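Pasted below: run27.pdb, PDB, C-alpha atoms and all ligand atoms.
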ATOM      1  CA  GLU A   1     -90.268  58.438 -53.294  1.00  0.00           C
ATOM      2  CA  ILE A   2     -91.583  57.847 -49.776  1.00  0.00           C
ATOM      3  CA  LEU A   3     -93.421  54.848 -48.270  1.00  0.00           C
ATOM      4  CA  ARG A   4     -96.022  54.375 -50.988  1.00  0.00           C
ATOM      5  CA  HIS A   5     -93.553  55.308 -53.698  1.00  0.00           C
ATOM      6  CA  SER A   6     -90.201  54.081 -52.351  1.00  0.00           C
ATOM      7  CA  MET A   7     -87.867  54.735 -49.419  1.00  0.00           C
ATOM      8  CA  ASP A   8     -84.068  55.078 -49.680  1.00  0.00           C
ATOM      9  CA  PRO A   9     -81.632  52.314 -50.773  1.00  0.00           C
ATOM     10  CA  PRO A  10     -79.463  52.826 -47.642  1.00  0.00           C
ATOM     11  CA  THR A  11     -82.551  52.893 -45.406  1.00  0.00           C
ATOM     12  CA  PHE A  12     -83.832  49.347 -44.863  1.00  0.00           C
ATOM     13  CA  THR A  13     -81.323  47.064 -46.564  1.00  0.00           C
ATOM     14  CA  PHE A  14     -78.714  49.235 -44.869  1.00  0.00           C
ATOM     15  CA  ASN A  15     -80.159  49.752 -41.393  1.00  0.00           C
ATOM     16  CA  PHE A  16     -82.972  47.182 -41.316  1.00  0.00           C
ATOM     17  CA  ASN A  17     -80.649  44.494 -42.709  1.00  0.00           C
ATOM     18  CA  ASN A  18     -79.093  42.521 -39.848  1.00  0.00           C
ATOM     19  CA  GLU A  19     -79.259  45.489 -37.478  1.00  0.00           C
ATOM     20  CA  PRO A  20     -81.589  45.003 -34.464  1.00  0.00           C
ATOM     21  CA  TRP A  21     -82.631  48.306 -32.891  1.00  0.00           C
ATOM     22  CA  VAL A  22     -81.300  51.637 -34.159  1.00  0.00           C
ATOM     23  CA  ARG A  23     -77.687  52.554 -33.402  1.00  0.00           C
ATOM     24  CA  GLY A  24     -79.143  55.287 -31.218  1.00  0.00           C
ATOM     25  CA  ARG A  25     -82.620  55.105 -29.681  1.00  0.00           C
ATOM     26  CA  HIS A  26     -84.090  58.211 -31.313  1.00  0.00           C
ATOM     27  CA  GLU A  27     -86.384  59.344 -34.126  1.00  0.00           C
ATOM     28  CA  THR A  28     -88.477  56.177 -33.782  1.00  0.00           C
ATOM     29  CA  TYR A  29     -91.104  55.647 -36.489  1.00  0.00           C
ATOM     30  CA  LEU A  30     -93.932  53.169 -36.930  1.00  0.00           C
ATOM     31  CA  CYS A  31     -95.833  52.349 -40.113  1.00  0.00           C
ATOM     32  CA  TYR A  32     -99.551  51.781 -39.681  1.00  0.00           C
ATOM     33  CA  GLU A  33    -101.808  49.196 -41.261  1.00  0.00           C
ATOM     34  CA  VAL A  34    -105.492  49.333 -40.373  1.00  0.00           C
ATOM     35  CA  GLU A  35    -108.658  47.439 -41.229  1.00  0.00           C
ATOM     36  CA  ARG A  36    -112.273  48.652 -41.082  1.00  0.00           C
ATOM     37  CA  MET A  37    -114.499  47.355 -38.307  1.00  0.00           C
ATOM     38  CA  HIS A  38    -118.163  47.826 -39.161  1.00  0.00           C
ATOM     39  CA  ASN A  39    -119.894  46.283 -36.140  1.00  0.00           C
ATOM     40  CA  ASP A  40    -118.797  42.788 -37.257  1.00  0.00           C
ATOM     41  CA  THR A  41    -116.831  43.768 -40.366  1.00  0.00           C
ATOM     42  CA  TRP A  42    -113.057  43.952 -40.685  1.00  0.00           C
ATOM     43  CA  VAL A  43    -111.834  45.352 -43.967  1.00  0.00           C
ATOM     44  CA  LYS A  44    -108.318  43.932 -44.077  1.00  0.00           C
ATOM     45  CA  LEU A  45    -107.846  44.966 -47.707  1.00  0.00           C
ATOM     46  CA  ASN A  46    -104.682  46.670 -48.963  1.00  0.00           C
ATOM     47  CA  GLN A  47    -104.818  49.235 -46.154  1.00  0.00           C
ATOM     48  CA  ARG A  48    -101.450  50.594 -45.019  1.00  0.00           C
ATOM     49  CA  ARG A  49     -99.770  53.955 -45.563  1.00  0.00           C
ATOM     50  CA  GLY A  50     -97.527  54.324 -42.521  1.00  0.00           C
ATOM     51  CA  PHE A  51     -97.733  56.084 -39.173  1.00  0.00           C
ATOM     52  CA  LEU A  52     -96.092  58.677 -36.966  1.00  0.00           C
ATOM     53  CA  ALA A  53     -92.525  58.973 -35.695  1.00  0.00           C
ATOM     54  CA  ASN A  54     -91.969  60.819 -32.414  1.00  0.00           C
ATOM     55  CA  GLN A  55     -89.234  60.504 -29.790  1.00  0.00           C
ATOM     56  CA  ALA A  56     -89.370  60.913 -26.017  1.00  0.00           C
ATOM     57  CA  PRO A  57     -85.910  62.332 -25.097  1.00  0.00           C
ATOM     58  CA  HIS A  58     -84.847  65.823 -26.166  1.00  0.00           C
ATOM     59  CA  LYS A  59     -82.814  68.895 -25.205  1.00  0.00           C
ATOM     60  CA  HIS A  60     -85.372  71.567 -24.315  1.00  0.00           C
ATOM     61  CA  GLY A  61     -88.852  72.269 -22.980  1.00  0.00           C
ATOM     62  CA  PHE A  62     -90.245  70.348 -25.947  1.00  0.00           C
ATOM     63  CA  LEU A  63     -89.060  67.219 -24.122  1.00  0.00           C
ATOM     64  CA  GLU A  64     -92.454  65.619 -23.503  1.00  0.00           C
ATOM     65  CA  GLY A  65     -91.342  61.996 -23.521  1.00  0.00           C
ATOM     66  CA  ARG A  66     -93.707  60.615 -26.150  1.00  0.00           C
ATOM     67  CA  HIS A  67     -92.935  58.370 -29.122  1.00  0.00           C
ATOM     68  CA  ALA A  68     -94.737  57.673 -32.402  1.00  0.00           C
ATOM     69  CA  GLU A  69     -96.697  55.201 -30.306  1.00  0.00           C
ATOM     70  CA  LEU A  70     -98.000  57.877 -27.972  1.00  0.00           C
ATOM     71  CA  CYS A  71     -98.456  59.694 -31.259  1.00  0.00           C
ATOM     72  CA  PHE A  72    -100.665  56.793 -32.226  1.00  0.00           C
ATOM     73  CA  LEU A  73    -102.482  57.283 -28.931  1.00  0.00           C
ATOM     74  CA  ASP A  74    -103.298  60.674 -30.413  1.00  0.00           C
ATOM     75  CA  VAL A  75    -104.378  59.258 -33.790  1.00  0.00           C
ATOM     76  CA  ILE A  76    -107.335  57.573 -32.040  1.00  0.00           C
ATOM     77  CA  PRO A  77    -108.822  60.765 -30.432  1.00  0.00           C
ATOM     78  CA  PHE A  78    -108.550  62.400 -33.862  1.00  0.00           C
ATOM     79  CA  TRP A  79    -109.290  59.244 -35.803  1.00  0.00           C
ATOM     80  CA  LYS A  80    -112.766  59.353 -34.346  1.00  0.00           C
ATOM     81  CA  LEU A  81    -111.739  55.800 -33.645  1.00  0.00           C
ATOM     82  CA  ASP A  82    -114.706  53.677 -32.566  1.00  0.00           C
ATOM     83  CA  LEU A  83    -117.017  56.617 -31.868  1.00  0.00           C
ATOM     84  CA  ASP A  84    -117.103  56.974 -35.648  1.00  0.00           C
ATOM     85  CA  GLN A  85    -115.357  53.835 -36.906  1.00  0.00           C
ATOM     86  CA  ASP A  86    -113.264  51.072 -35.346  1.00  0.00           C
ATOM     87  CA  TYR A  87    -109.991  50.363 -37.140  1.00  0.00           C
ATOM     88  CA  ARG A  88    -107.517  47.540 -36.646  1.00  0.00           C
ATOM     89  CA  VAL A  89    -104.212  49.357 -36.286  1.00  0.00           C
ATOM     90  CA  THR A  90    -100.997  47.454 -36.861  1.00  0.00           C
ATOM     91  CA  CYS A  91     -97.931  49.660 -36.630  1.00  0.00           C
ATOM     92  CA  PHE A  92     -94.385  48.569 -37.500  1.00  0.00           C
ATOM     93  CA  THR A  93     -91.608  50.072 -35.367  1.00  0.00           C
ATOM     94  CA  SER A  94     -87.883  49.366 -35.206  1.00  0.00           C
ATOM     95  CA  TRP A  95     -88.182  48.327 -31.560  1.00  0.00           C
ATOM     96  CA  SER A  96     -90.349  48.383 -28.408  1.00  0.00           C
ATOM     97  CA  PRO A  97     -92.163  51.507 -27.094  1.00  0.00           C
ATOM     98  CA  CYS A  98     -91.424  52.084 -23.366  1.00  0.00           C
ATOM     99  CA  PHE A  99     -92.894  51.424 -19.906  1.00  0.00           C
ATOM    100  CA  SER A 100     -94.063  55.032 -19.632  1.00  0.00           C
ATOM    101  CA  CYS A 101     -96.075  54.415 -22.774  1.00  0.00           C
ATOM    102  CA  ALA A 102     -97.232  51.170 -21.212  1.00  0.00           C
ATOM    103  CA  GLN A 103     -99.256  53.272 -18.788  1.00  0.00           C
ATOM    104  CA  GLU A 104    -100.366  55.793 -21.415  1.00  0.00           C
ATOM    105  CA  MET A 105    -101.386  53.334 -24.129  1.00  0.00           C
ATOM    106  CA  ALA A 106    -102.838  51.091 -21.465  1.00  0.00           C
ATOM    107  CA  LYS A 107    -105.151  53.631 -19.861  1.00  0.00           C
ATOM    108  CA  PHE A 108    -106.529  54.510 -23.310  1.00  0.00           C
ATOM    109  CA  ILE A 109    -106.234  51.174 -25.112  1.00  0.00           C
ATOM    110  CA  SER A 110    -105.844  48.705 -22.232  1.00  0.00           C
ATOM    111  CA  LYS A 111    -107.992  50.269 -19.523  1.00  0.00           C
ATOM    112  CA  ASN A 112    -110.395  51.465 -22.192  1.00  0.00           C
ATOM    113  CA  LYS A 113    -109.914  49.298 -25.290  1.00  0.00           C
ATOM    114  CA  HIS A 114    -111.811  50.066 -28.483  1.00  0.00           C
ATOM    115  CA  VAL A 115    -109.165  49.826 -31.221  1.00  0.00           C
ATOM    116  CA  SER A 116    -106.528  47.390 -32.515  1.00  0.00           C
ATOM    117  CA  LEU A 117    -102.836  48.136 -32.001  1.00  0.00           C
ATOM    118  CA  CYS A 118    -100.160  45.877 -33.479  1.00  0.00           C
ATOM    119  CA  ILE A 119     -96.742  47.460 -32.925  1.00  0.00           C
ATOM    120  CA  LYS A 120     -94.060  45.341 -34.607  1.00  0.00           C
ATOM    121  CA  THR A 121     -90.700  45.614 -32.831  1.00  0.00           C
ATOM    122  CA  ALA A 122     -87.536  44.116 -34.301  1.00  0.00           C
ATOM    123  CA  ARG A 123     -86.029  44.062 -30.799  1.00  0.00           C
ATOM    124  CA  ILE A 124     -87.353  44.724 -27.302  1.00  0.00           C
ATOM    125  CA  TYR A 125     -85.194  47.432 -25.730  1.00  0.00           C
ATOM    126  CA  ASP A 126     -83.262  45.503 -23.081  1.00  0.00           C
ATOM    127  CA  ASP A 127     -80.778  47.629 -21.138  1.00  0.00           C
ATOM    128  CA  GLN A 128     -81.314  47.012 -17.424  1.00  0.00           C
ATOM    129  CA  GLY A 129     -84.873  45.742 -17.118  1.00  0.00           C
ATOM    130  CA  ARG A 130     -86.643  48.386 -19.188  1.00  0.00           C
ATOM    131  CA  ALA A 131     -89.082  48.208 -22.119  1.00  0.00           C
ATOM    132  CA  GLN A 132     -90.087  44.652 -21.162  1.00  0.00           C
ATOM    133  CA  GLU A 133     -92.830  46.220 -19.043  1.00  0.00           C
ATOM    134  CA  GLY A 134     -93.782  48.551 -21.864  1.00  0.00           C
ATOM    135  CA  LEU A 135     -94.919  45.757 -24.171  1.00  0.00           C
ATOM    136  CA  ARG A 136     -96.011  43.727 -21.182  1.00  0.00           C
ATOM    137  CA  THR A 137     -99.021  45.830 -20.298  1.00  0.00           C
ATOM    138  CA  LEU A 138     -99.396  46.971 -23.882  1.00  0.00           C
ATOM    139  CA  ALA A 139     -99.160  43.705 -25.730  1.00  0.00           C
ATOM    140  CA  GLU A 140    -101.430  42.544 -22.918  1.00  0.00           C
ATOM    141  CA  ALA A 141    -104.131  45.093 -23.806  1.00  0.00           C
ATOM    142  CA  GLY A 142    -102.751  48.611 -24.395  1.00  0.00           C
ATOM    143  CA  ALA A 143    -101.033  47.642 -27.650  1.00  0.00           C
ATOM    144  CA  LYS A 144    -100.260  44.221 -29.047  1.00  0.00           C
ATOM    145  CA  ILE A 145     -96.492  44.537 -29.424  1.00  0.00           C
ATOM    146  CA  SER A 146     -95.660  41.924 -32.061  1.00  0.00           C
ATOM    147  CA  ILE A 147     -92.184  40.709 -33.008  1.00  0.00           C
ATOM    148  CA  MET A 148     -90.644  42.185 -36.154  1.00  0.00           C
ATOM    149  CA  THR A 149     -89.165  38.976 -37.555  1.00  0.00           C
ATOM    150  CA  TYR A 150     -88.882  37.356 -41.002  1.00  0.00           C
ATOM    151  CA  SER A 151     -92.671  37.405 -41.303  1.00  0.00           C
ATOM    152  CA  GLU A 152     -93.133  40.919 -39.996  1.00  0.00           C
ATOM    153  CA  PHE A 153     -90.015  41.637 -42.001  1.00  0.00           C
ATOM    154  CA  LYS A 154     -91.312  40.827 -45.478  1.00  0.00           C
ATOM    155  CA  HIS A 155     -94.219  43.001 -44.400  1.00  0.00           C
ATOM    156  CA  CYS A 156     -91.928  45.607 -42.828  1.00  0.00           C
ATOM    157  CA  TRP A 157     -89.652  45.784 -45.869  1.00  0.00           C
ATOM    158  CA  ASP A 158     -92.562  46.389 -48.242  1.00  0.00           C
ATOM    159  CA  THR A 159     -94.158  48.494 -45.490  1.00  0.00           C
ATOM    160  CA  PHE A 160     -91.894  51.441 -46.210  1.00  0.00           C
ATOM    161  CA  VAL A 161     -89.506  50.110 -48.845  1.00  0.00           C
ATOM    162  CA  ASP A 162     -91.713  49.025 -51.751  1.00  0.00           C
ATOM    163  CA  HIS A 163     -88.806  46.887 -52.971  1.00  0.00           C
ATOM    164  CA  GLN A 164     -86.664  49.124 -55.177  1.00  0.00           C
ATOM    165  CA  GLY A 165     -85.889  45.891 -57.013  1.00  0.00           C
ATOM    166  CA  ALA A 166     -86.031  43.677 -53.927  1.00  0.00           C
ATOM    167  CA  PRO A 167     -89.250  41.760 -53.060  1.00  0.00           C
ATOM    168  CA  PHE A 168     -88.501  40.827 -49.443  1.00  0.00           C
ATOM    169  CA  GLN A 169     -85.447  40.951 -47.219  1.00  0.00           C
ATOM    170  CA  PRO A 170     -84.021  37.861 -45.431  1.00  0.00           C
ATOM    171  CA  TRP A 171     -82.034  39.272 -42.489  1.00  0.00           C
ATOM    172  CA  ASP A 172     -81.954  35.860 -40.788  1.00  0.00           C
ATOM    173  CA  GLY A 173     -80.708  37.224 -37.470  1.00  0.00           C
ATOM    174  CA  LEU A 174     -84.256  38.444 -36.916  1.00  0.00           C
ATOM    175  CA  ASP A 175     -85.237  34.776 -36.817  1.00  0.00           C
ATOM    176  CA  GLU A 176     -83.009  34.376 -33.779  1.00  0.00           C
ATOM    177  CA  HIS A 177     -84.741  37.310 -32.121  1.00  0.00           C
ATOM    178  CA  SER A 178     -87.964  35.713 -33.347  1.00  0.00           C
ATOM    179  CA  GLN A 179     -87.702  32.905 -30.823  1.00  0.00           C
ATOM    180  CA  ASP A 180     -86.124  35.284 -28.303  1.00  0.00           C
ATOM    181  CA  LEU A 181     -88.030  38.537 -28.779  1.00  0.00           C
ATOM    182  CA  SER A 182     -91.288  36.611 -29.169  1.00  0.00           C
ATOM    183  CA  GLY A 183     -90.427  34.421 -26.211  1.00  0.00           C
ATOM    184  CA  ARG A 184     -90.119  37.671 -24.308  1.00  0.00           C
ATOM    185  CA  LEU A 185     -93.527  38.983 -25.348  1.00  0.00           C
ATOM    186  CA  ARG A 186     -94.918  35.845 -23.750  1.00  0.00           C
ATOM    187  CA  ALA A 187     -92.567  36.255 -20.778  1.00  0.00           C
ATOM    188  CA  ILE A 188     -93.287  39.953 -20.231  1.00  0.00           C
ATOM    189  CA  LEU A 189     -96.971  39.939 -21.163  1.00  0.00           C
ATOM    190  CA  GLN A 190     -97.850  37.728 -18.210  1.00  0.00           C
ATOM    191  CA  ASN A 191     -94.540  37.877 -16.335  1.00  0.00           C
ATOM    192  CA  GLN A 192     -94.048  34.345 -17.652  1.00  0.00           C
ATOM    193  CA  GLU A 193     -90.624  32.727 -17.295  1.00  0.00           C
ATOM    194  CA  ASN A 194     -90.584  30.582 -20.435  1.00  0.00           C
TER
HETATM  195 ZN    ZN B 201     -92.694  55.311 -25.850  1.00  0.00          ZN
END
Please lay out the structure from this file as structure tokens.
Amino acid sequence: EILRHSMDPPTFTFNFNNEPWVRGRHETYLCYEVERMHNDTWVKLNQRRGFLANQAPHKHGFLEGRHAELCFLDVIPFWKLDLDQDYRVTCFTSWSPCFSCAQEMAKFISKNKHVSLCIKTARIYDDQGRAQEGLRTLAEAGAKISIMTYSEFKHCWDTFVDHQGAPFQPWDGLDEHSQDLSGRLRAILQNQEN
């Protein structure tokens, strides 16, 4: 009873149902879906088991300031990513990553680039002009931050929650953020207005 078996009833339909961004930015987690790149190949078969879930903030020396995403940044170096095999990573998170990660993921994925990163975010963290930059440089090259809407939803739902009796979730409100959130990716990616 996990991500390949089944999550919890009050997990997605409870929190992921008409609830953009977690009640409290913490314990972020992204599910990974990767293909196999064989110097021209791209095995996009049924490949997806989930990913890491790390948080930046804390209350001790452990406070490093790195999220599942930066955790993903670590998956590559261990993955033997590219040097051994290029995979098309497509992670599904509850929301954006962070500007700080924008620089981290960028340097490795953007400034370097040799792997695919698709981080689905139900809602771009918008407090006072933050996060927007995170996906900006990332979605631009350090990590393609996609919008977690109805489409990414059906995929998200079954990403962790097999179904437990429910094929796909509707949400609806995510459609609103679809035009908004997505419109932002295009507005932040290249500092575009509309
Ligand atoms: Zn981050």
Contact check, region 106-161 of chain A to region 7-21 of chain A, at most 7 Å, counting all atoms listed in the file, closest pairs as JSON lines:
{"residue": "A:122", "atom": "CA", "partner": "A:20", "partner_atom": "CA", "distance": 6.0}
{"residue": "A:123", "atom": "CA", "partner": "A:21", "partner_atom": "CA", "distance": 5.8}
{"residue": "A:157", "atom": "CA", "partner": "A:12", "partner_atom": "CA", "distance": 6.9}
{"residue": "A:160", "atom": "CA", "partner": "A:7", "partner_atom": "CA", "distance": 6.1}
{"residue": "A:161", "atom": "CA", "partner": "A:7", "partner_atom": "CA", "distance": 4.9}
- Message: Which residues would end up in the selection if the PyMOL selection byres (((chain A and resi 62-69) around 10) and not hetatm) were applied here, given that I need the answer as a count of residues only?
- Response: 36
Counting all atoms listed in the file, the residue among A:180, A:133, A:1, A:35 that lies closest to ligand ZN 201 (chain B) is A:133
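Residue nearest ligand ZN 201 (chain B), chosen from A:107, A:25, A:163, A:114 and counting only C-alpha atoms and all ligand atoms: A:25.
Reported to one decimal place, the separation of CA of residue 184 (chain A) from CA of residue 90 (chain A) is 19.3 Å.
Interatomic distance, CA of residue 46 (chain A) against CA of residue 174 (chain A): 25.1 Å.
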Shortest contact to ligand ZN 201 (chain B), candidates A:156, A:166, A:131, A:188, atoms counted all atoms listed in the file, goes to A:131
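Restricting the calculation to only C-alpha atoms, the smallest distance between residue 125 (chain A) and any of A:178, A:159, A:94, A:47 is found for A:94.
If all atoms listed in the file are the atoms counted, then among A:88, A:177, A:23, A:130 the closest residue to residue 116 (chain A) is A:88.
Proximity ranking of A:187, A:135, A:115, A:148 relative to ligand ZN 201 (chain B) places A:135 first, based on only C-alpha atoms and all ligand atoms.
Relative to CA of residue 81 (chain A), CA of residue 186 (chain A) is found at 27.9 Å.
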Could you name the residues that touch residue 40 (chain A) at 12 Å or less, counting only C-alpha atoms, but leaving out those on the same chain fewer than 5 positions away, as an MDAnalysis selection string?
chainID A and resid 35 85:87
Next item on the list: List every protein, DNA or RNA residue that has an atom no more than 6 Å from (-93.6, 38.9, -47.8) in the file's coordinate frame, counting only C-alpha atoms, and report them as a list in words.
Entry: residues 154, 155 and 168 of chain A
* If you apply the PyMOL selection byres (((chain A and resi 110) around 8) and not hetatm) to this file, what residues do you get, as a count of residues only? -> 14
Can you give me N, CA, C and O atoms for region 78-94 of chain A, written as a PDB file, keeping the file's coordinate frame?
ATOM      1  N   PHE A  78    -108.312  61.624 -32.645  1.00  0.00           N
ATOM      2  CA  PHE A  78    -108.550  62.400 -33.862  1.00  0.00           C
ATOM      3  C   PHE A  78    -109.191  61.511 -34.917  1.00  0.00           C
ATOM      4  O   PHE A  78    -110.026  61.949 -35.706  1.00  0.00           O
ATOM      5  N   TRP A  79    -108.789  60.255 -34.897  1.00  0.00           N
ATOM      6  CA  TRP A  79    -109.290  59.244 -35.803  1.00  0.00           C
ATOM      7  C   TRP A  79    -110.799  59.151 -35.736  1.00  0.00           C
ATOM      8  O   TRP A  79    -111.443  58.665 -36.667  1.00  0.00           O
ATOM      9  N   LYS A  80    -111.346  59.512 -34.582  1.00  0.00           N
ATOM     10  CA  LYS A  80    -112.766  59.353 -34.346  1.00  0.00           C
ATOM     11  C   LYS A  80    -112.969  57.862 -34.159  1.00  0.00           C
ATOM     12  O   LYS A  80    -114.060  57.316 -34.311  1.00  0.00           O
ATOM     13  N   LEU A  81    -111.838  57.223 -33.848  1.00  0.00           N
ATOM     14  CA  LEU A  81    -111.739  55.800 -33.645  1.00  0.00           C
ATOM     15  C   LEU A  81    -112.843  55.268 -32.738  1.00  0.00           C
ATOM     16  O   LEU A  81    -112.989  55.692 -31.593  1.00  0.00           O
ATOM     17  N   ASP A  82    -113.606  54.321 -33.277  1.00  0.00           N
ATOM     18  CA  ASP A  82    -114.706  53.677 -32.566  1.00  0.00           C
ATOM     19  C   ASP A  82    -115.954  54.548 -32.561  1.00  0.00           C
ATOM     20  O   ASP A  82    -116.981  54.173 -33.127  1.00  0.00           O
ATOM     21  N   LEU A  83    -115.873  55.712 -31.925  1.00  0.00           N
ATOM     22  CA  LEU A  83    -117.017  56.617 -31.868  1.00  0.00           C
ATOM     23  C   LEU A  83    -117.580  56.849 -33.267  1.00  0.00           C
ATOM     24  O   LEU A  83    -118.778  57.073 -33.437  1.00  0.00           O
ATOM     25  N   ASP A  84    -116.704  56.784 -34.263  1.00  0.00           N
ATOM     26  CA  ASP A  84    -117.103  56.974 -35.648  1.00  0.00           C
ATOM     27  C   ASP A  84    -116.854  55.707 -36.461  1.00  0.00           C
ATOM     28  O   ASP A  84    -117.665  55.332 -37.310  1.00  0.00           O
ATOM     29  N   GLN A  85    -115.725  55.057 -36.198  1.00  0.00           N
ATOM     30  CA  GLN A  85    -115.357  53.835 -36.906  1.00  0.00           C
ATOM     31  C   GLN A  85    -114.187  53.143 -36.216  1.00  0.00           C
ATOM     32  O   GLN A  85    -113.186  53.780 -35.888  1.00  0.00           O
ATOM     33  N   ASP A  86    -114.315  51.840 -35.997  1.00  0.00           N
ATOM     34  CA  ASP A  86    -113.264  51.072 -35.346  1.00  0.00           C
ATOM     35  C   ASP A  86    -112.291  50.513 -36.379  1.00  0.00           C
ATOM     36  O   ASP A  86    -112.692  49.810 -37.305  1.00  0.00           O
ATOM     37  N   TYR A  87    -111.012  50.834 -36.218  1.00  0.00           N
ATOM     38  CA  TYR A  87    -109.991  50.363 -37.140  1.00  0.00           C
ATOM     39  C   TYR A  87    -109.023  49.425 -36.440  1.00  0.00           C
ATOM     40  O   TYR A  87    -108.750  49.570 -35.249  1.00  0.00           O
ATOM     41  N   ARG A  88    -108.482  48.479 -37.196  1.00  0.00           N
ATOM     42  CA  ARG A  88    -107.517  47.540 -36.646  1.00  0.00           C
ATOM     43  C   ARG A  88    -106.117  48.021 -36.974  1.00  0.00           C
ATOM     44  O   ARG A  88    -105.587  47.718 -38.039  1.00  0.00           O
ATOM     45  N   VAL A  89    -105.539  48.798 -36.069  1.00  0.00           N
ATOM     46  CA  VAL A  89    -104.212  49.357 -36.286  1.00  0.00           C
ATOM     47  C   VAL A  89    -103.099  48.359 -36.027  1.00  0.00           C
ATOM     48  O   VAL A  89    -103.073  47.676 -35.005  1.00  0.00           O
ATOM     49  N   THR A  90    -102.159  48.322 -36.963  1.00  0.00           N
ATOM     50  CA  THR A  90    -100.997  47.454 -36.861  1.00  0.00           C
ATOM     51  C   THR A  90     -99.766  48.224 -37.309  1.00  0.00           C
ATOM     52  O   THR A  90     -99.446  48.274 -38.498  1.00  0.00           O
ATOM     53  N   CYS A  91     -99.104  48.856 -36.350  1.00  0.00           N
ATOM     54  CA  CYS A  91     -97.931  49.660 -36.630  1.00  0.00           C
ATOM     55  C   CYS A  91     -96.653  48.823 -36.632  1.00  0.00           C
ATOM     56  O   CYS A  91     -96.566  47.799 -35.957  1.00  0.00           O
ATOM     57  N   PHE A  92     -95.664  49.271 -37.400  1.00  0.00           N
ATOM     58  CA  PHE A  92     -94.385  48.569 -37.500  1.00  0.00           C
ATOM     59  C   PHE A  92     -93.237  49.476 -37.070  1.00  0.00           C
ATOM     60  O   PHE A  92     -92.828  50.360 -37.822  1.00  0.00           O
ATOM     61  N   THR A  93     -92.713  49.257 -35.866  1.00  0.00           N
ATOM     62  CA  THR A  93     -91.608  50.072 -35.367  1.00  0.00           C
ATOM     63  C   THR A  93     -90.306  49.283 -35.368  1.00  0.00           C
ATOM     64  O   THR A  93     -90.306  48.059 -35.499  1.00  0.00           O
ATOM     65  N   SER A  94     -89.195  49.995 -35.221  1.00  0.00           N
ATOM     66  CA  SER A  94     -87.883  49.366 -35.206  1.00  0.00           C
ATOM     67  C   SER A  94     -87.663  48.580 -33.918  1.00  0.00           C
ATOM     68  O   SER A  94     -86.900  47.615 -33.895  1.00  0.00           O
TER      69      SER A  94
END
